[PDB]
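Raw contents of entry_32.txt, compact mmCIF, C-alpha atoms (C1' of nucleotides) and all ligand atoms:
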```txt
# COMPACT_ATOMS: atom_id res chain seq x y z
CA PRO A 9 -91.63 -22.92 18.73
CA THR A 10 -89.26 -20.19 17.55
CA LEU A 11 -92.10 -18.48 15.69
CA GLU A 12 -94.05 -18.05 18.93
CA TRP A 13 -90.92 -16.60 20.53
CA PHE A 14 -90.93 -14.00 17.76
CA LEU A 15 -94.52 -12.86 18.27
CA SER A 16 -93.79 -12.23 21.95
CA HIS A 17 -92.05 -8.98 21.01
CA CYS A 18 -94.28 -7.85 18.14
CA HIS A 19 -96.64 -4.89 17.82
CA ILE A 20 -100.04 -5.86 16.41
CA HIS A 21 -101.27 -3.22 13.96
CA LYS A 22 -103.91 -3.87 11.30
CA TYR A 23 -103.55 -2.18 7.90
CA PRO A 24 -106.63 -1.34 5.78
CA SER A 25 -106.81 -2.10 2.05
CA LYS A 26 -104.94 0.07 -0.45
CA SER A 27 -102.65 1.26 2.35
CA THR A 28 -98.89 1.82 2.50
CA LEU A 29 -96.76 -0.49 4.64
CA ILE A 30 -93.53 0.16 2.73
CA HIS A 31 -92.65 3.51 1.16
CA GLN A 32 -89.69 3.62 -1.23
CA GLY A 33 -87.53 6.45 0.08
CA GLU A 34 -88.01 6.19 3.84
CA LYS A 35 -85.71 4.57 6.41
CA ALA A 36 -86.00 0.86 7.21
CA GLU A 37 -86.50 0.66 10.98
CA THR A 38 -89.32 -1.89 11.21
CA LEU A 39 -89.51 -5.56 10.25
CA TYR A 40 -92.87 -6.77 8.94
CA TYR A 41 -94.45 -10.23 9.10
CA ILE A 42 -97.63 -11.52 7.46
CA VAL A 43 -100.18 -13.38 9.58
CA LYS A 44 -103.33 -13.50 7.45
CA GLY A 45 -104.22 -12.36 3.93
CA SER A 46 -101.90 -11.49 1.06
CA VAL A 47 -99.75 -8.65 -0.27
CA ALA A 48 -98.25 -7.68 -3.64
CA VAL A 49 -94.91 -6.08 -4.51
CA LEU A 50 -94.15 -4.24 -7.75
CA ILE A 51 -92.10 -1.46 -9.35
CA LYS A 52 -92.64 1.35 -11.86
CA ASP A 53 -90.82 2.81 -14.86
CA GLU A 54 -90.69 6.34 -16.29
CA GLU A 55 -94.10 6.19 -17.97
CA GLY A 56 -96.58 4.39 -15.73
CA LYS A 57 -96.28 0.69 -16.51
CA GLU A 58 -95.99 -1.56 -13.46
CA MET A 59 -93.88 -4.69 -13.02
CA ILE A 60 -94.57 -7.31 -10.36
CA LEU A 61 -91.49 -9.32 -9.39
CA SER A 62 -92.96 -11.85 -6.96
CA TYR A 63 -96.09 -12.31 -4.84
CA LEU A 64 -96.04 -12.81 -1.07
CA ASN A 65 -98.86 -14.66 0.69
CA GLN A 66 -99.51 -15.48 4.35
CA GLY A 67 -96.65 -16.83 6.44
CA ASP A 68 -94.14 -14.64 4.61
CA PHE A 69 -92.03 -11.66 5.65
CA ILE A 70 -92.19 -8.10 4.31
CA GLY A 71 -89.03 -6.03 3.91
CA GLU A 72 -86.26 -8.21 5.31
CA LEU A 73 -83.48 -7.18 2.92
CA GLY A 74 -82.66 -4.15 5.05
CA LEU A 75 -81.68 -6.28 8.03
CA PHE A 76 -78.36 -7.88 7.11
CA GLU A 77 -76.63 -4.61 6.23
CA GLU A 78 -77.51 -1.67 8.47
CA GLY A 79 -78.10 1.54 6.53
CA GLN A 80 -80.33 0.76 3.55
CA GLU A 81 -83.51 2.02 1.90
CA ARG A 82 -86.77 0.52 0.64
CA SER A 83 -86.18 -1.19 -2.71
CA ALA A 84 -89.63 -1.59 -4.25
CA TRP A 85 -93.18 -0.51 -3.38
CA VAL A 86 -95.36 -2.71 -1.17
CA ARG A 87 -99.10 -2.04 -1.38
CA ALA A 88 -101.61 -3.92 0.78
CA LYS A 89 -103.76 -6.01 -1.55
CA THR A 90 -106.30 -7.04 1.09
CA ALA A 91 -106.96 -6.63 4.81
CA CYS A 92 -103.88 -8.15 6.44
CA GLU A 93 -102.51 -8.22 9.99
CA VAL A 94 -98.80 -7.38 10.15
CA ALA A 95 -96.49 -7.23 13.17
CA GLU A 96 -93.75 -4.69 13.89
CA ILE A 97 -90.23 -5.26 15.22
CA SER A 98 -87.35 -2.79 15.00
CA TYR A 99 -84.14 -4.07 13.41
CA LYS A 100 -82.10 -2.74 16.33
CA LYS A 101 -83.81 -5.01 18.87
CA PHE A 102 -83.80 -7.83 16.31
CA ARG A 103 -80.02 -7.99 15.91
CA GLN A 104 -79.73 -8.55 19.66
CA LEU A 105 -81.97 -11.61 19.33
CA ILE A 106 -79.69 -13.15 16.70
CA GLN A 107 -76.52 -12.95 18.79
CA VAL A 108 -78.30 -14.85 21.57
CA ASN A 109 -80.28 -17.13 19.25
CA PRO A 110 -79.05 -17.53 15.63
CA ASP A 111 -81.88 -20.04 15.12
CA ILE A 112 -84.31 -17.15 14.70
CA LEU A 113 -82.29 -15.98 11.70
CA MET A 114 -82.33 -19.49 10.26
CA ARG A 115 -86.07 -19.07 9.70
CA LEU A 116 -86.09 -15.73 7.88
CA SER A 117 -83.24 -16.58 5.50
CA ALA A 118 -84.95 -19.92 4.84
CA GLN A 119 -87.72 -18.33 2.78
CA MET A 120 -85.26 -16.21 0.80
CA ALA A 121 -84.08 -19.33 -1.02
CA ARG A 122 -87.39 -20.29 -2.63
CA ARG A 123 -87.96 -16.72 -3.81
CA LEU A 124 -84.75 -16.96 -5.84
CA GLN A 125 -85.43 -20.32 -7.49
CA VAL A 126 -88.79 -19.27 -8.93
CA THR A 127 -87.15 -16.20 -10.47
CA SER A 128 -83.94 -17.61 -11.95
CA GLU A 129 -85.75 -20.45 -13.71
CA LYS A 130 -88.35 -18.01 -15.02
CA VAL A 131 -85.96 -15.87 -17.07
CA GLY A 132 -85.14 -18.79 -19.36
CA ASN A 133 -88.81 -19.24 -20.23
CA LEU A 134 -89.01 -15.55 -21.14
CA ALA A 135 -86.62 -15.77 -24.09
CA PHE A 136 -87.50 -18.99 -25.92
CA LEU A 137 -91.08 -19.91 -25.05
CA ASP A 138 -93.73 -17.97 -26.98
CA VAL A 139 -96.82 -16.23 -25.60
CA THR A 140 -98.84 -19.46 -25.69
CA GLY A 141 -96.17 -21.40 -23.80
CA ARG A 142 -95.34 -18.72 -21.24
CA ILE A 143 -98.95 -18.03 -20.24
CA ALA A 144 -99.72 -21.76 -20.13
CA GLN A 145 -97.07 -22.34 -17.47
CA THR A 146 -98.26 -19.28 -15.54
CA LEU A 147 -101.75 -20.74 -15.16
CA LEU A 148 -100.39 -23.81 -13.36
CA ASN A 149 -98.00 -21.74 -11.25
CA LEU A 150 -100.78 -19.54 -9.88
CA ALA A 151 -102.90 -22.63 -9.20
CA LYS A 152 -100.25 -24.00 -6.83
CA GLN A 153 -100.46 -20.81 -4.76
CA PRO A 154 -102.20 -21.14 -1.36
CA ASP A 155 -104.37 -18.12 -2.23
CA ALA A 156 -106.04 -20.16 -4.98
CA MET A 157 -109.63 -21.29 -4.45
CA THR A 158 -110.78 -24.83 -5.22
CA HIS A 159 -113.14 -25.07 -8.20
CA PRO A 160 -115.49 -27.96 -9.12
CA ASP A 161 -114.18 -27.83 -12.70
CA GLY A 162 -110.60 -26.80 -11.96
CA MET A 163 -109.06 -23.76 -10.28
CA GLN A 164 -110.40 -20.24 -9.75
CA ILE A 165 -107.90 -17.38 -9.58
CA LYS A 166 -108.16 -13.59 -9.73
CA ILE A 167 -105.56 -11.80 -11.86
CA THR A 168 -105.69 -8.83 -14.24
CA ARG A 169 -104.55 -8.86 -17.86
CA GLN A 170 -101.59 -6.66 -16.92
CA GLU A 171 -100.06 -8.78 -14.16
CA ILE A 172 -100.03 -11.70 -16.60
CA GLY A 173 -97.95 -9.74 -19.10
CA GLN A 174 -95.64 -8.72 -16.26
CA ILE A 175 -94.87 -12.39 -15.60
CA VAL A 176 -94.60 -13.70 -19.16
CA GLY A 177 -92.98 -10.47 -20.31
CA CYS A 178 -95.16 -8.86 -22.98
CA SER A 179 -97.64 -6.09 -23.78
CA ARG A 180 -101.10 -5.75 -22.25
CA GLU A 181 -102.76 -5.74 -25.67
CA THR A 182 -101.41 -9.16 -26.65
CA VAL A 183 -102.65 -10.72 -23.41
CA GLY A 184 -106.24 -9.62 -24.03
CA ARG A 185 -106.24 -10.96 -27.58
CA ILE A 186 -105.09 -14.49 -26.76
CA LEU A 187 -107.19 -14.61 -23.59
CA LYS A 188 -110.39 -14.09 -25.58
CA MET A 189 -109.19 -16.51 -28.25
CA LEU A 190 -109.09 -19.43 -25.81
CA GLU A 191 -112.64 -18.58 -24.75
CA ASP A 192 -114.04 -19.43 -28.19
CA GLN A 193 -112.29 -22.81 -28.14
CA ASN A 194 -113.88 -23.55 -24.76
CA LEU A 195 -110.65 -23.92 -22.77
CA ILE A 196 -110.86 -21.25 -20.07
CA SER A 197 -113.10 -18.46 -18.78
CA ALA A 198 -112.84 -14.77 -17.90
CA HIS A 199 -115.22 -12.11 -16.58
CA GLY A 200 -112.99 -9.13 -15.87
CA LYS A 201 -110.37 -10.32 -13.39
CA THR A 202 -111.51 -13.77 -12.30
CA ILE A 203 -110.01 -16.34 -14.67
CA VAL A 204 -111.27 -19.91 -14.32
CA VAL A 205 -109.02 -22.36 -16.16
CA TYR A 206 -109.90 -25.93 -17.13
CA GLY A 207 -107.95 -29.18 -17.39
CA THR A 208 -106.26 -28.60 -14.05
CA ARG A 209 -106.26 -31.43 -11.49
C1' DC B 1 -127.12 -6.18 -3.60
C1' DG B 2 -125.85 -1.01 -4.73
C1' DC B 3 -122.93 2.90 -3.59
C1' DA B 4 -117.90 6.01 -2.93
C1' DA B 5 -113.72 7.75 -5.00
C1' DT B 6 -108.54 7.47 -5.64
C1' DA B 7 -105.66 4.05 -8.53
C1' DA B 8 -105.03 0.66 -11.40
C1' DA B 9 -106.60 -1.61 -15.48
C1' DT B 10 -109.34 -1.52 -20.27
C1' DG B 11 -110.50 -1.32 -24.99
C1' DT B 12 -110.00 0.63 -29.47
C1' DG B 13 -107.69 -0.85 -34.58
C1' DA B 14 -105.18 1.48 -38.70
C1' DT B 15 -99.74 2.66 -38.95
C1' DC B 16 -95.16 1.67 -38.72
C1' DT B 17 -91.28 -0.94 -37.24
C1' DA B 18 -89.22 -4.93 -34.72
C1' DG B 19 -87.68 -9.55 -34.90
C1' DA B 20 -87.70 -13.92 -37.22
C1' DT B 21 -87.35 -17.43 -40.82
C1' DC B 22 -84.91 -20.32 -44.13
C1' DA B 23 -80.08 -23.03 -47.84
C1' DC B 24 -75.67 -21.74 -49.84
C1' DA B 25 -71.69 -18.72 -51.10
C1' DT B 26 -68.23 -15.04 -48.73
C1' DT B 27 -65.91 -13.44 -45.42
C1' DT B 28 -63.77 -13.88 -40.17
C1' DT B 29 -62.33 -16.21 -36.74
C1' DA B 30 -59.50 -19.04 -33.61
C1' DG B 31 -54.88 -21.24 -32.21
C1' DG B 32 -51.36 -23.39 -34.46
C1' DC B 33 -46.15 -23.32 -35.76
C1' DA B 34 -41.05 -21.26 -37.12
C1' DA B 35 -38.52 -16.97 -37.92
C1' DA B 36 -36.91 -12.54 -36.22
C1' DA B 37 -36.01 -9.75 -32.49
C1' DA B 38 -34.97 -9.54 -27.30
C1' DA B 39 -33.90 -11.23 -22.29
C1' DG B 40 -30.37 -12.77 -19.30
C1' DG B 41 -27.75 -16.70 -19.46
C1' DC B 42 -22.96 -18.35 -18.47
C1' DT B 43 -18.78 -18.84 -20.68
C1' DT B 44 -13.77 -16.99 -22.04
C1' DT B 45 -10.43 -12.97 -22.60
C1' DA B 46 -9.23 -7.35 -23.01
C1' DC B 47 -7.80 -4.10 -19.63
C1' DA B 48 -7.82 -0.63 -15.24
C1' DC B 49 -8.48 -0.15 -10.16
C1' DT B 50 -6.48 2.06 -6.28
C1' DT B 51 -2.79 0.86 -3.81
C1' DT B 52 1.62 1.19 -1.74
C1' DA B 53 7.26 0.49 -1.71
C1' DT B 54 9.98 3.73 -2.83
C1' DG B 55 13.40 7.44 -3.26
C1' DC B 56 14.71 11.39 -5.74
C1' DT B 57 13.97 15.94 -6.68
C1' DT B 58 12.31 20.98 -6.44
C1' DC B 59 9.25 24.11 -4.20
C1' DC B 60 6.67 25.69 -0.41
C1' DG B 61 6.34 25.01 3.98
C1' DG B 62 7.53 25.56 9.05
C1' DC B 63 11.15 26.58 12.99
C1' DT B 64 15.23 28.25 15.16
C1' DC B 65 19.79 30.46 15.98
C1' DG B 66 23.13 34.49 16.64
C1' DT B 67 24.00 39.43 15.61
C1' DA B 68 23.47 44.61 15.89
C1' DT B 69 21.42 48.20 18.31
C1' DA B 70 20.34 51.83 22.00
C1' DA B 71 19.14 51.98 26.75
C1' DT B 72 19.43 51.04 32.53
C1' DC B 73 15.29 58.13 31.00
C1' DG B 74 11.85 62.79 29.51
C1' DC B 75 6.34 67.56 28.97
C1' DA B 76 1.51 69.72 27.64
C1' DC B 77 -2.80 68.72 26.15
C1' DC B 78 -7.47 66.88 25.67
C1' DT B 79 -12.58 66.61 28.60
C1' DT B 80 -16.08 64.24 33.75
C1' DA B 81 -17.21 63.68 37.82
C1' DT B 82 -22.48 55.66 38.40
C1' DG B 83 -26.86 54.11 41.48
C1' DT B 84 -28.50 52.55 46.01
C1' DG B 85 -29.80 49.80 50.11
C1' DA B 86 -28.94 45.51 52.59
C1' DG B 87 -25.70 42.43 54.91
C1' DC B 88 -21.37 41.83 57.14
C1' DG B 89 -16.77 42.02 59.76
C1' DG B 90 -13.77 45.03 62.04
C1' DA B 91 -12.25 49.24 64.74
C1' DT B 92 -13.58 52.61 68.32
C1' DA B 93 -16.14 54.92 72.14
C1' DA B 94 -19.10 54.51 76.26
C1' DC B 95 -20.28 51.59 79.96
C1' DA B 96 -20.72 48.64 84.44
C1' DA B 97 -18.08 45.62 87.40
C1' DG B 98 -13.88 44.78 90.23
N1 LIG C 301 -88.84 -10.64 -6.17
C1 LIG C 301 -89.12 -10.52 -4.85
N2 LIG C 301 -89.41 -11.60 -4.09
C2 LIG C 301 -89.69 -11.49 -2.78
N3 LIG C 301 -89.70 -10.32 -2.12
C3 LIG C 301 -89.42 -9.15 -2.75
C4 LIG C 301 -89.11 -9.19 -4.19
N4 LIG C 301 -88.88 -7.92 -4.56
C5 LIG C 301 -89.03 -7.14 -3.47
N5 LIG C 301 -89.36 -7.87 -2.39
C6 LIG C 301 -89.59 -7.34 -1.02
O1 LIG C 301 -90.07 -5.99 -1.09
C7 LIG C 301 -89.39 -5.24 -0.09
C8 LIG C 301 -89.25 -3.75 -0.33
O2 LIG C 301 -88.59 -3.21 0.82
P1 LIG C 301 -87.24 -3.88 1.42
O3 LIG C 301 -86.03 -3.39 0.65
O4 LIG C 301 -87.10 -3.57 2.89
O5 LIG C 301 -87.43 -5.47 1.19
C9 LIG C 301 -88.01 -5.85 -0.04
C10 LIG C 301 -88.29 -7.33 -0.23
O6 LIG C 301 -88.46 -7.96 1.04
```

Can you give me the file's structure in the form of C-alpha cells?
Amino acid sequence: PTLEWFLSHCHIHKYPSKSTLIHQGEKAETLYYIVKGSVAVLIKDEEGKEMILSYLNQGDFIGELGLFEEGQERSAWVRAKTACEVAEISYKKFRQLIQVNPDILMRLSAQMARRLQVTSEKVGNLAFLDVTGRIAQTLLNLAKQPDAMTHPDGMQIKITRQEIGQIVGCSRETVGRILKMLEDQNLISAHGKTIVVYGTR
DNA sequence: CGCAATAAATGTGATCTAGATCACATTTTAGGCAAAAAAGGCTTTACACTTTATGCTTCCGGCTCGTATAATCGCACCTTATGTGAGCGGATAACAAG
C-alpha cells in the first residue's frame, strides 16, 4: 500500500553493529526507517550514566522529529544494537510527497502516539511504586515486546542490570541485589544479561 | 566453540546521608464580611465668559489746505579712455541693358 510507495524512493544501506546512524550535533537531512532487527536510543549526563527513554523495534522510524519543523538538530544518541537494514530519504524530497499525498504523513505520526502513552503512564509508577513493584511491571512490559523470544517455561529476554534501573528509576547496585534475591526464592533466572522470568503466560 | 578490541556494564561492602514513618498539639492558611478610603456618579446652586450696543472723552493718529518766498539764471576743478564677431537693414557706387 502506502508503505510500498515509500520504499520506492529509499536508499538501501546496511549498518553494522555498534555503528552510528544518528549523531547528536549534526544536521538532520535524512529520514530513517527500520526494516529488520532492533535499535536502542539513550542519553548521557555529566558523569557517564546512561538513560534509555524508549526502545524501537522493527517497523518503526528513526529520527522523525526533525521533519515537522525545518531547521533542527539530533536530540538523543541512536546506536545500532544489532545488524539492521535502514532506508534513507531526505526531508526535502519528503515534504513534497506530503503536499501531494498527506496519507503518507498519517502513517508516521500514527506511531508517535503510542510512544507517548507508554511514557506518560510510566512516570506515575516511578514515584509511588517501590523497587519490587516497578521492576515487576517492567518484566511483563518487556515480554509483550516483539523482540521477546518464546520460552517453554515463560519468556526469555536479554537486558542488563543498568537498563532496568533506567526504566524503574534507581541505582545499578539496588537492581543487582534484588535480582539475586529472587533467584534464591526460585522465581526467575539470570546468567549475565539473559533474564528468564517465570509465571508469565 | 574460541578469539578481537572499543564500549558498556559489573562487583565490591563499610560510611554517611537521604527520605520515610507514625498520633496529637501549634501554628498558618484560605475566603468570608463591614468599615474606611476612593471613583465617578448625577444632582442643585455660586459665579464669570467673551461679547457687543454704545457713546463720550482724550490722545495719537492720519490727511489736507492756503500762505510766503525767490525765481523765469551763473565758473573751475577733479581723473579715463569696454570686448569682439556674427547677423541684419539701409545707403551708396559700379554695372549692363535700353
Ligand atoms: N522516548 C522516545 N521514544 C521514541 N523515540 C525517541 C525517544 N527519544 C528519542 N527518540 C528518537 O531518537 C531520535 C534522535 O534524533 P531525532 O531528533 O532526529 O529524532 C529522535 C526520535 O525519533

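Among the candidates B:1, B:8, B:59, B:36, the residue lying nearest to chain A is B:8 (atoms considered: all atoms listed in the file).
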
Which protein, DNA or RNA residues have an atom at most 12 Å from (-103.8, -24.5, 3.3), counting only C-alpha atoms (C1' of nucleotides)? List them as a tab-separated table (two decimals) with C-alpha atoms, in the frame of the given file.
```tsv
chain	number	residue	atom	x	y	z
A	44	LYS	CA	-103.33	-13.50	7.45
A	65	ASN	CA	-98.86	-14.66	0.69
A	66	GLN	CA	-99.51	-15.48	4.35
A	67	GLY	CA	-96.65	-16.83	6.44
A	152	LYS	CA	-100.25	-24.00	-6.83
A	153	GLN	CA	-100.46	-20.81	-4.76
A	154	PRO	CA	-102.20	-21.14	-1.36
A	155	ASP	CA	-104.37	-18.12	-2.23
A	156	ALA	CA	-106.04	-20.16	-4.98
A	157	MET	CA	-109.63	-21.29	-4.45
A	158	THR	CA	-110.78	-24.83	-5.22
```

Counting all atoms listed in the file, what are the residues of chain A within 10 Å of chain B, and for each of them which pair of atoms is the nearest and at what distance in Å, to one decimal? Sort the table by chain and rising number, as a Markdown table.
```
| residue | atom | partner | partner_atom | distance |
| --- | --- | --- | --- | --- |
| A:26 | CA | B:7 | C1' | 9.0 |
| A:58 | CA | B:8 | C1' | 9.5 |
| A:168 | CA | B:9 | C1' | 7.4 |
| A:169 | CA | B:9 | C1' | 7.9 |
| A:170 | CA | B:9 | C1' | 7.3 |
| A:171 | CA | B:9 | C1' | 9.8 |
| A:180 | CA | B:10 | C1' | 9.5 |
| A:181 | CA | B:11 | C1' | 8.9 |
| A:184 | CA | B:11 | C1' | 9.4 |
| A:200 | CA | B:10 | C1' | 9.5 |
| A:201 | CA | B:9 | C1' | 9.7 |
```

Can you write out as a tab-separated table which residues of chain A fall within 10 Å of ligand LIG 301 (chain C), alongside each residue's closest atom pair and its distance in Å to one decimal, counting all atoms listed in the file and ordering rows by chain and ascending residue number?
```
residue	atom	partner	partner_atom	distance
A:29	CA	C:LIG301	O2	9.4
A:30	CA	C:LIG301	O2	6.3
A:31	CA	C:LIG301	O2	7.9
A:32	CA	C:LIG301	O2	7.2
A:33	CA	C:LIG301	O2	9.7
A:34	CA	C:LIG301	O4	9.8
A:35	CA	C:LIG301	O4	9.0
A:36	CA	C:LIG301	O4	6.3
A:37	CA	C:LIG301	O4	9.1
A:38	CA	C:LIG301	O4	8.8
A:39	CA	C:LIG301	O4	8.0
A:40	CA	C:LIG301	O4	9.0
A:48	CA	C:LIG301	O1	8.7
A:49	CA	C:LIG301	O1	5.9
A:50	CA	C:LIG301	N4	7.2
A:51	CA	C:LIG301	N4	8.7
A:60	CA	C:LIG301	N1	7.8
A:61	CA	C:LIG301	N1	4.4
A:62	CA	C:LIG301	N1	4.4
A:63	CA	C:LIG301	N2	6.8
A:64	CA	C:LIG301	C2	6.7
A:68	CA	C:LIG301	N3	9.1
A:69	CA	C:LIG301	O6	6.9
A:70	CA	C:LIG301	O6	5.0
A:71	CA	C:LIG301	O5	3.2
A:72	CA	C:LIG301	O6	4.8
A:73	CA	C:LIG301	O5	4.6
A:74	CA	C:LIG301	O4	5.0
A:75	CA	C:LIG301	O4	7.9
A:80	CA	C:LIG301	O3	7.6
A:81	CA	C:LIG301	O3	6.1
A:82	CA	C:LIG301	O3	4.0
A:83	CA	C:LIG301	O3	4.0
A:84	CA	C:LIG301	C8	4.5
A:85	CA	C:LIG301	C8	5.9
A:86	CA	C:LIG301	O1	6.2
A:87	CA	C:LIG301	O1	9.9
A:119	CA	C:LIG301	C2	9.0
A:120	CA	C:LIG301	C2	7.4
A:121	CA	C:LIG301	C2	9.8
A:122	CA	C:LIG301	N2	9.0
A:123	CA	C:LIG301	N2	5.3
A:124	CA	C:LIG301	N2	7.3
A:126	CA	C:LIG301	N1	9.1
A:127	CA	C:LIG301	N1	7.2
```

Serialized selection, C-alpha atoms, as an mmCIF file, in the coordinates of the input:
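Output below, filename part_39.cif:
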```cif
data_model
loop_
_atom_site.group_PDB
_atom_site.id
_atom_site.type_symbol
_atom_site.label_atom_id
_atom_site.label_comp_id
_atom_site.auth_asym_id
_atom_site.auth_seq_id
_atom_site.Cartn_x
_atom_site.Cartn_y
_atom_site.Cartn_z
ATOM 1 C CA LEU A 29 -96.760 -0.490 4.640
ATOM 2 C CA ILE A 30 -93.530 0.160 2.730
ATOM 3 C CA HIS A 31 -92.650 3.510 1.160
ATOM 4 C CA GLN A 32 -89.690 3.620 -1.230
ATOM 5 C CA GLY A 33 -87.530 6.450 0.080
ATOM 6 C CA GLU A 34 -88.010 6.190 3.840
ATOM 7 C CA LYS A 35 -85.710 4.570 6.410
ATOM 8 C CA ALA A 36 -86.000 0.860 7.210
ATOM 9 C CA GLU A 37 -86.500 0.660 10.980
ATOM 10 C CA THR A 38 -89.320 -1.890 11.210
ATOM 11 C CA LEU A 39 -89.510 -5.560 10.250
ATOM 12 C CA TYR A 40 -92.870 -6.770 8.940
ATOM 13 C CA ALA A 48 -98.250 -7.680 -3.640
ATOM 14 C CA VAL A 49 -94.910 -6.080 -4.510
ATOM 15 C CA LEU A 50 -94.150 -4.240 -7.750
ATOM 16 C CA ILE A 51 -92.100 -1.460 -9.350
ATOM 17 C CA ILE A 60 -94.570 -7.310 -10.360
ATOM 18 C CA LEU A 61 -91.490 -9.320 -9.390
ATOM 19 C CA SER A 62 -92.960 -11.850 -6.960
ATOM 20 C CA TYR A 63 -96.090 -12.310 -4.840
ATOM 21 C CA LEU A 64 -96.040 -12.810 -1.070
ATOM 22 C CA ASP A 68 -94.140 -14.640 4.610
ATOM 23 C CA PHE A 69 -92.030 -11.660 5.650
ATOM 24 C CA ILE A 70 -92.190 -8.100 4.310
ATOM 25 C CA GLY A 71 -89.030 -6.030 3.910
ATOM 26 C CA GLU A 72 -86.260 -8.210 5.310
ATOM 27 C CA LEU A 73 -83.480 -7.180 2.920
ATOM 28 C CA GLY A 74 -82.660 -4.150 5.050
ATOM 29 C CA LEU A 75 -81.680 -6.280 8.030
ATOM 30 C CA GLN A 80 -80.330 0.760 3.550
ATOM 31 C CA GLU A 81 -83.510 2.020 1.900
ATOM 32 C CA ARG A 82 -86.770 0.520 0.640
ATOM 33 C CA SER A 83 -86.180 -1.190 -2.710
ATOM 34 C CA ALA A 84 -89.630 -1.590 -4.250
ATOM 35 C CA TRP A 85 -93.180 -0.510 -3.380
ATOM 36 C CA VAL A 86 -95.360 -2.710 -1.170
ATOM 37 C CA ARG A 87 -99.100 -2.040 -1.380
ATOM 38 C CA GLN A 119 -87.720 -18.330 2.780
ATOM 39 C CA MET A 120 -85.260 -16.210 0.800
ATOM 40 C CA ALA A 121 -84.080 -19.330 -1.020
ATOM 41 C CA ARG A 122 -87.390 -20.290 -2.630
ATOM 42 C CA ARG A 123 -87.960 -16.720 -3.810
ATOM 43 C CA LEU A 124 -84.750 -16.960 -5.840
ATOM 44 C CA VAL A 126 -88.790 -19.270 -8.930
ATOM 45 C CA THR A 127 -87.150 -16.200 -10.470
#
```

**Item:** Between atom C1' of residue B:21 and atom CA of residue A:177, distance in Å (one decimal)
**Value:**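 The value is 22.4 Å.
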
**Request:** Tell me which protein, DNA and RNA residues are within 12 Å of residue A:16, counting only C-alpha atoms (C1' of nucleotides), leaving out same-chain ones fewer than 5 positions away, and put them as a list in words.
**Result:**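 Returned residues: residues 9, 10, 11, 95, 96 and 97 of chain A.
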
What lies within 9 Å of residue A:206 using all atoms listed in the file, ignoring chain neighbours under 5 positions off, as an mmCIF file with C-alpha atoms, keeping the file's coordinate frame?
```cif
data_model
loop_
_atom_site.group_PDB
_atom_site.id
_atom_site.type_symbol
_atom_site.label_atom_id
_atom_site.label_comp_id
_atom_site.auth_asym_id
_atom_site.auth_seq_id
_atom_site.Cartn_x
_atom_site.Cartn_y
_atom_site.Cartn_z
ATOM 1 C CA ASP A 161 -114.180 -27.830 -12.700
ATOM 2 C CA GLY A 162 -110.600 -26.800 -11.960
ATOM 3 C CA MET A 163 -109.060 -23.760 -10.280
ATOM 4 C CA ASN A 194 -113.880 -23.550 -24.760
ATOM 5 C CA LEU A 195 -110.650 -23.920 -22.770
ATOM 6 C CA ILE A 196 -110.860 -21.250 -20.070
ATOM 7 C CA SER A 197 -113.100 -18.460 -18.780
#
```

Centre and edge lengths of an axis-aligned box around all listed atoms of stretch 172-181 of chain A, with 6 Å added on each side, are to be given in Å to one decimal, as JSON.
```
{"center_x": -97.9, "center_y": -9.7, "center_z": -20.6, "size_x": 21.8, "size_y": 20.0, "size_z": 22.1}
```

**Å distance separating atom CA of residue A:88 from atom CA of residue A:176, one decimal place** =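 Answer for the atom CA of residue A:88 to atom CA of residue A:176 separation: 23.3 Å.
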
**Request:** Would you list the residues near (-103.3, -19.3, -21.1) (no more than 12 Å away, in the coordinates of the file, using only C-alpha atoms (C1' of nucleotides)) as a ChimeraX atom specification?
**Result:** /A:138-150,169,172-173,176,182-191,193-198,203-207

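Atom CA of residue A:94 lies 12.8 Å from atom CA of residue A:14.
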